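One chain comes next, on its own, written as structure tokens: the form deposited in one PDB entry.
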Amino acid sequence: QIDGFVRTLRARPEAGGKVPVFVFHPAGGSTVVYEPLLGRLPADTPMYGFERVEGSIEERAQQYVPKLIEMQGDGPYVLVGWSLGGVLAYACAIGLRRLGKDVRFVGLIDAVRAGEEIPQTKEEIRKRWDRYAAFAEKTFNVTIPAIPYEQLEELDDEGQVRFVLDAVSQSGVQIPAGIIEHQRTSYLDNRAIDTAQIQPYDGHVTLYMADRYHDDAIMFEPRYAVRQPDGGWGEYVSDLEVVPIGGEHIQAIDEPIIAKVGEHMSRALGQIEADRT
């Protein structure tokens, strides 16, 4: 069932059968979160989940794309993801199209840009860690000293957290390694998105659009408090369809909202299958 970074959610038949749906993991979760979507798709639809790898968004796609091709050849490709998953799905669509492959569906489940770009500057790193430290004071009922900004501001997101965690440890707080790994992994995967180099795409994209980001996403990054009607995709995708679903980003992957996603995606898959004839 787990082979490297590919999880089999529903195996395709030994030969022929329906076009598989490739789903991509969200930050801090695995592709098991697509089980409710799978239940709202047509019977016998195969589904494979791509789990986390390292690198920039671009680098991650360079690892996925050869694997996609080993599995599915020239196409057709159906690529779906919620949250960071949607960004990874799109980046895969881009890589596959560069190689001449047939991409027929790109389904983005509330994968919505920050309402303003996230500056990649020393000043923003300072302001971000001052916010985080303020929340940590309240929560851990503790006084945080002067931040060693000169050191943090030269590191990448991984290095910044590694520095903060080494400081927390020789502060005298010992965190269970599984909580560290989970928190660190989630944080860095969500930060990867901020510097995704989005390329134009020539095919059809379907954006399932919730009303707003949830509170934990806004705590993470305050610029998620505002969103545009096109989720930031309009300049890159001329053939863009938006399917409003309401609710919050965190709800979009679960029952009951996922039924709306599934009903729509089911018709799109049905159209792809009939076309294949």
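Basically, rigid core = biggest C-alpha set you can superpose within 1.5 Å across the two forms. Sequential numbering from 1, following the sequence displayed.
Per-stretch averaging of Cα B factors for 114 to 122 and 164 to 172 places 164 to 172 on top. When the mean C-alpha temperature factors of 264 to 272 and 20 to 28 are read from the deposited coordinates, 264 to 272 comes out higher. Among 95, 85, 145, 107, the highest C-alpha B-factor in the deposited entry belongs to 145. Which of 189, 130, 158, 194 has the largest Cα B-factor in the deposited entry comes down to 158. Sorting the modelled residues of the chain by their CA temperature factor places residue 139 in the highest third. Sorting the modelled residues of the chain by their CA temperature factor places residue 230 in the middle third.
Remark: residue 71 belongs to the middle third of its chain, ranked by C-alpha B-factor as recorded. When the modelled residues of the chain are ordered by their C-alpha B factor, residue 35 lands in the lowest third. When all modelled residues of the chain are sorted by CA temperature factor, residue 149 is found within the highest third.
In what follows, reference is made to the form deposited in another entry, a form of this protein that is not presented.
After superposition on the rigid core, the Cα of residue 122 moves by 2 Å or more between this form and the one not shown. Put the two forms on the same core and the Cα of residue 98 is off by less than 2 Å between this form and the one not shown. Once the cores line up, the CA of residue 148 ends up 2 angstroms or more apart between this form and the one not shown.
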